[PDB]
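Colleague: final31.tsv (TSV, N, CA and C atoms) pasted underneath:
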```tsv
chain	number	residue	atom	x	y	z
G	1	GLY	N	-91.57	58.35	-76.75
G	1	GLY	CA	-90.35	57.67	-77.25
G	1	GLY	C	-89.44	58.63	-78.00
G	2	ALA	N	-88.94	59.63	-77.29
G	2	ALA	CA	-88.02	60.60	-77.87
G	2	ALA	C	-87.07	61.13	-76.82
G	3	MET	N	-87.61	61.48	-75.66
G	3	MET	CA	-86.81	62.03	-74.58
G	3	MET	C	-86.86	61.12	-73.37
G	4	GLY	N	-86.00	61.39	-72.40
G	4	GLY	CA	-85.92	60.56	-71.22
G	4	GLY	C	-84.64	59.75	-71.21
G	5	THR	N	-83.99	59.70	-72.36
G	5	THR	CA	-82.76	58.94	-72.51
G	5	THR	C	-81.54	59.76	-72.10
G	6	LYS	N	-81.51	60.18	-70.85
G	6	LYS	CA	-80.36	60.89	-70.30
G	6	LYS	C	-79.75	60.07	-69.18
G	7	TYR	N	-78.91	59.12	-69.55
G	7	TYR	CA	-78.26	58.25	-68.59
G	7	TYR	C	-76.75	58.43	-68.66
G	8	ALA	N	-76.05	57.91	-67.67
G	8	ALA	CA	-74.60	57.95	-67.66
G	8	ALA	C	-74.06	56.75	-66.91
G	9	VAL	N	-72.83	56.84	-66.46
G	9	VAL	CA	-72.21	55.75	-65.72
G	9	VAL	C	-72.97	55.51	-64.42
G	10	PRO	N	-73.46	54.28	-64.22
G	10	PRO	CA	-74.20	53.91	-63.01
G	10	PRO	C	-73.33	53.99	-61.77
G	11	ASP	N	-73.95	54.22	-60.62
G	11	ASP	CA	-73.22	54.36	-59.38
G	11	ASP	C	-72.90	53.00	-58.80
G	12	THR	N	-71.63	52.62	-58.87
G	12	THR	CA	-71.19	51.29	-58.48
G	12	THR	C	-71.39	51.02	-56.99
G	13	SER	N	-71.41	52.07	-56.18
G	13	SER	CA	-71.57	51.92	-54.74
G	13	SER	C	-73.04	51.71	-54.37
G	14	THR	N	-73.94	52.10	-55.27
G	14	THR	CA	-75.37	51.99	-55.01
G	14	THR	C	-75.86	50.55	-55.20
G	15	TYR	N	-75.07	49.74	-55.89
G	15	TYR	CA	-75.41	48.34	-56.11
G	15	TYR	C	-75.24	47.52	-54.83
G	16	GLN	N	-76.17	46.60	-54.61
G	16	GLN	CA	-76.04	45.63	-53.54
G	16	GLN	C	-75.54	44.31	-54.11
G	17	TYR	N	-75.09	43.42	-53.24
G	17	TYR	CA	-74.42	42.20	-53.68
G	17	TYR	C	-75.37	41.00	-53.69
G	18	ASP	N	-75.49	40.37	-54.85
G	18	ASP	CA	-76.23	39.11	-54.98
G	18	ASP	C	-75.26	37.95	-54.85
G	19	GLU	N	-75.39	37.20	-53.77
G	19	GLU	CA	-74.45	36.15	-53.42
G	19	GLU	C	-74.52	34.97	-54.39
G	20	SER	N	-75.71	34.66	-54.88
G	20	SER	CA	-75.90	33.50	-55.73
G	20	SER	C	-75.10	33.61	-57.03
G	21	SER	N	-75.18	34.77	-57.66
G	21	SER	CA	-74.44	35.02	-58.89
G	21	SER	C	-73.06	35.60	-58.56
G	22	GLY	N	-73.00	36.36	-57.47
G	22	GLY	CA	-71.75	36.97	-57.04
G	22	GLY	C	-71.53	38.33	-57.65
G	23	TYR	N	-72.63	39.02	-57.97
G	23	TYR	CA	-72.55	40.28	-58.73
G	23	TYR	C	-73.44	41.35	-58.11
G	24	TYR	N	-73.40	42.54	-58.69
G	24	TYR	CA	-74.10	43.69	-58.14
G	24	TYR	C	-75.48	43.90	-58.75
G	25	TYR	N	-76.41	44.32	-57.91
G	25	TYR	CA	-77.74	44.73	-58.34
G	25	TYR	C	-78.10	46.06	-57.69
G	26	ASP	N	-78.46	47.04	-58.50
G	26	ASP	CA	-78.82	48.36	-58.00
G	26	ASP	C	-80.33	48.53	-57.96
G	27	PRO	N	-80.90	48.67	-56.76
G	27	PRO	CA	-82.34	48.83	-56.57
G	27	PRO	C	-82.88	50.14	-57.13
G	28	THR	N	-82.04	51.17	-57.22
G	28	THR	CA	-82.51	52.49	-57.62
G	28	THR	C	-82.82	52.56	-59.11
G	29	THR	N	-81.92	52.06	-59.94
G	29	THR	CA	-82.15	52.04	-61.38
G	29	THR	C	-82.69	50.68	-61.84
G	30	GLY	N	-82.46	49.66	-61.03
G	30	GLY	CA	-82.86	48.31	-61.39
G	30	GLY	C	-81.84	47.65	-62.29
G	31	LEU	N	-80.59	48.08	-62.17
G	31	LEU	CA	-79.53	47.60	-63.03
G	31	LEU	C	-78.73	46.47	-62.40
G	32	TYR	N	-78.33	45.55	-63.24
G	32	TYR	CA	-77.38	44.51	-62.92
G	32	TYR	C	-76.02	44.94	-63.44
G	33	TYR	N	-74.95	44.58	-62.74
G	33	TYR	CA	-73.61	44.90	-63.23
G	33	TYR	C	-72.58	43.89	-62.75
G	34	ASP	N	-71.74	43.45	-63.67
G	34	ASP	CA	-70.56	42.67	-63.30
G	34	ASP	C	-69.32	43.31	-63.89
G	35	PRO	N	-68.39	43.73	-63.03
G	35	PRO	CA	-67.14	44.35	-63.46
G	35	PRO	C	-66.28	43.40	-64.31
G	36	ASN	N	-66.50	42.10	-64.16
G	36	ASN	CA	-65.73	41.10	-64.90
G	36	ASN	C	-66.25	40.93	-66.32
G	37	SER	N	-67.56	40.88	-66.48
G	37	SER	CA	-68.16	40.72	-67.81
G	37	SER	C	-68.37	42.08	-68.46
G	38	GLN	N	-68.29	43.12	-67.64
G	38	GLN	CA	-68.40	44.51	-68.09
G	38	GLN	C	-69.74	44.82	-68.75
G	39	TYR	N	-70.74	43.95	-68.58
G	39	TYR	CA	-72.05	44.26	-69.12
G	39	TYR	C	-73.03	44.54	-68.00
G	40	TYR	N	-74.05	45.31	-68.36
G	40	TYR	CA	-75.12	45.70	-67.46
G	40	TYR	C	-76.38	45.01	-67.89
G	41	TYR	N	-77.43	45.12	-67.10
G	41	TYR	CA	-78.73	44.65	-67.54
G	41	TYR	C	-79.83	45.31	-66.70
G	42	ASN	N	-80.86	45.84	-67.35
G	42	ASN	CA	-81.98	46.45	-66.64
G	42	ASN	C	-83.20	45.54	-66.71
G	43	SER	N	-83.63	45.05	-65.55
G	43	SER	CA	-84.71	44.07	-65.49
G	43	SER	C	-86.08	44.72	-65.62
G	44	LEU	N	-86.15	46.03	-65.49
G	44	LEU	CA	-87.41	46.75	-65.68
G	44	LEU	C	-87.82	46.70	-67.14
G	45	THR	N	-86.82	46.71	-68.02
G	45	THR	CA	-87.05	46.51	-69.44
G	45	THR	C	-86.78	45.06	-69.82
G	46	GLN	N	-86.18	44.34	-68.86
G	46	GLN	CA	-85.82	42.93	-69.01
G	46	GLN	C	-84.75	42.78	-70.09
G	47	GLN	N	-83.92	43.80	-70.22
G	47	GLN	CA	-82.92	43.83	-71.28
G	47	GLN	C	-81.50	43.76	-70.73
G	48	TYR	N	-80.73	42.84	-71.29
G	48	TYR	CA	-79.29	42.81	-71.06
G	48	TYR	C	-78.67	44.01	-71.77
G	49	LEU	N	-78.01	44.88	-71.01
G	49	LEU	CA	-77.59	46.18	-71.52
G	49	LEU	C	-76.07	46.34	-71.53
G	50	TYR	N	-75.64	47.46	-72.09
G	50	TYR	CA	-74.24	47.79	-72.19
G	50	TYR	C	-74.09	49.31	-72.25
G	51	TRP	N	-73.22	49.86	-71.42
G	51	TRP	CA	-73.03	51.30	-71.38
G	51	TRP	C	-72.09	51.74	-72.49
G	52	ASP	N	-72.67	52.35	-73.51
G	52	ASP	CA	-71.92	52.83	-74.66
G	52	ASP	C	-71.17	54.11	-74.32
G	53	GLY	N	-71.84	55.03	-73.66
G	53	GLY	CA	-71.21	56.28	-73.28
G	53	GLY	C	-71.53	57.41	-74.24
G	54	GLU	N	-71.39	57.15	-75.53
G	54	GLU	CA	-71.62	58.16	-76.56
G	54	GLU	C	-73.12	58.37	-76.78
G	55	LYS	N	-73.87	57.28	-76.77
G	55	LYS	CA	-75.31	57.35	-77.03
G	55	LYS	C	-76.06	57.85	-75.80
G	56	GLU	N	-75.34	57.93	-74.68
G	56	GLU	CA	-75.89	58.39	-73.39
G	56	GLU	C	-77.11	57.58	-72.96
G	57	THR	N	-77.18	56.34	-73.42
G	57	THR	CA	-78.26	55.45	-73.04
G	57	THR	C	-77.74	54.01	-73.04
G	58	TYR	N	-78.51	53.12	-72.44
G	58	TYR	CA	-78.13	51.73	-72.33
G	58	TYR	C	-78.57	50.96	-73.57
G	59	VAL	N	-77.59	50.58	-74.37
G	59	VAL	CA	-77.85	49.81	-75.57
G	59	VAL	C	-77.82	48.32	-75.25
G	60	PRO	N	-78.84	47.57	-75.69
G	60	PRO	CA	-78.91	46.13	-75.45
G	60	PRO	C	-77.68	45.40	-75.97
G	61	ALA	N	-77.08	44.58	-75.12
G	61	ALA	CA	-75.87	43.85	-75.47
G	61	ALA	C	-76.23	42.52	-76.12
G	62	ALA	N	-77.32	42.52	-76.87
G	62	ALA	CA	-77.80	41.32	-77.54
G	62	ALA	C	-77.24	41.23	-78.95
G	63	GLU	N	-75.91	41.23	-79.05
G	63	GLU	CA	-75.24	41.15	-80.33
G	63	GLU	C	-75.53	39.81	-80.99
G	64	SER	N	-76.07	39.87	-82.20
G	64	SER	CA	-76.46	38.68	-82.91
G	64	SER	C	-75.82	38.66	-84.30
K	100	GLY	N	-87.70	30.77	-66.11
K	100	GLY	CA	-87.38	31.09	-64.70
K	100	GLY	C	-87.93	32.44	-64.29
K	101	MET	N	-87.27	33.49	-64.74
K	101	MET	CA	-87.64	34.86	-64.39
K	101	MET	C	-86.98	35.82	-65.39
K	102	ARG	N	-86.72	37.05	-64.96
K	102	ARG	CA	-85.80	37.94	-65.67
K	102	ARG	C	-84.45	37.24	-65.84
K	103	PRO	N	-83.52	37.81	-66.62
K	103	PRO	CA	-82.15	37.29	-66.65
K	103	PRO	C	-81.47	37.44	-65.28
K	104	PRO	N	-80.30	36.85	-65.12
K	104	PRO	CA	-79.50	36.92	-63.90
K	104	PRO	C	-78.46	38.03	-63.99
K	105	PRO	N	-77.78	38.33	-62.88
K	105	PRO	CA	-76.70	39.30	-62.89
K	105	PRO	C	-75.58	38.85	-63.78
K	106	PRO	N	-74.93	39.81	-64.46
K	106	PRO	CA	-73.92	39.52	-65.47
K	106	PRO	C	-72.84	38.59	-64.95
K	107	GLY	N	-72.57	37.54	-65.69
K	107	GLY	CA	-71.64	36.53	-65.24
K	107	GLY	C	-72.26	35.16	-65.27
K	108	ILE	N	-72.91	34.81	-64.15
K	108	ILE	CA	-73.50	33.50	-63.91
K	108	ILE	C	-72.70	32.38	-64.57
K	109	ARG	N	-71.41	32.37	-64.25
K	109	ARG	CA	-70.48	31.39	-64.79
K	109	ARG	C	-70.30	30.25	-63.81
K	110	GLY	N	-69.25	29.46	-64.01
K	110	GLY	CA	-68.94	28.38	-63.11
K	110	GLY	C	-67.47	28.06	-63.12
```
Could you rewrite the structure in this file as structure tokens?

Modeller:
Amino acid sequence: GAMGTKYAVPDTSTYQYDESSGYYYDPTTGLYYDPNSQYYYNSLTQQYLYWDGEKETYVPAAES
Amino acid sequence: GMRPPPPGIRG
């Protein structure tokens, strides 16, 4: 729990289309993405995520 | 149900 956190902007073309929700799912990273809600989510961690950019990692969009 | 859904899931 120190290294491995080298992420960046996900590849939008790598996402496939989920018809039920109407949004993108990327099999390679396991990321969910909606350009409208602008939030991501990684189901491998089961976390609703958000690309900060500065932290170079996916921060949970679980604002409480 | 399962994991969460893709961002949105509106109506």

Colleague: List every protein, DNA or RNA residue with an atom no more than 10 Å from (-74.9, 41.7, -62.9) in the file's coordinates, counting only C-alpha atoms, and format the result as number ranges by chain.

Modeller: G: 15, 17-18, 21-26, 31-42, 48; K: 103-108

Colleague: My list of candidates is G:47, G:52, G:20, G:2. Which is closest to residue 102 of chain K when distances are computed with all atoms listed in the file?

Modeller: G:47

Colleague: Based on the backbone DSSP call, show me all residues of segment 1-55 of chain G assigned strand (DSSP E), as a ChimeraX atom specification.

Modeller: /G:16-18,23-26,31-33,40-42,47-51

Colleague: Just the number, please: distance in Å from atom C of residue 9 of chain G to atom C of residue 63 of chain G, one decimal.

Modeller: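 These two atoms are separated by 23.0 Å.
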
Colleague: For a quick check of understanding, using all atoms listed in the file, which of G:46, G:3, G:8, G:55 has the smallest distance to chain K?

Modeller: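 Closest to chain K, using all atoms listed in the file: G:46.
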
Colleague: Using all atoms listed in the file for the distances, tell me which of G:43, G:57, G:12, G:64 is nearest to chain K.

Modeller: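 Using all atoms listed in the file, chain K sits closest to G:43.
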
Colleague: So which one's closest to chain K, G:29, G:5, G:45, G:13? Using only C-alpha atoms, please.

Modeller: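 Ranked by minimum distance to chain K, first place goes to G:45.
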
Colleague: Please identify all polymer residues within 5 Å of residue 50 of chain G, counting all atoms listed in the file, omitting same-chain residues fewer than 3 positions from it, and present them as a ChimeraX atom specification.

Modeller: /G:40,58-61

Colleague: Between atom N of residue 101 of chain K and atom C of residue 4 of chain G, what is the spacing in Å?

Modeller: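 Straight-line distance from atom C of residue 4 of chain G to atom N of residue 101 of chain K works out to 27.2 Å.
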
Colleague: Have a look at atom C of residue 54 of chain G and atom C of residue 7 of chain G and let me know their distance in Å, one decimal.

Modeller: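 Atom-to-atom, atom C of residue 54 of chain G to atom C of residue 7 of chain G, that is 8.9 Å.
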
Colleague: Considering only C-alpha atoms, can you say which of G:56, G:19, G:11, G:28 comes closest to chain K?

Modeller: G:19
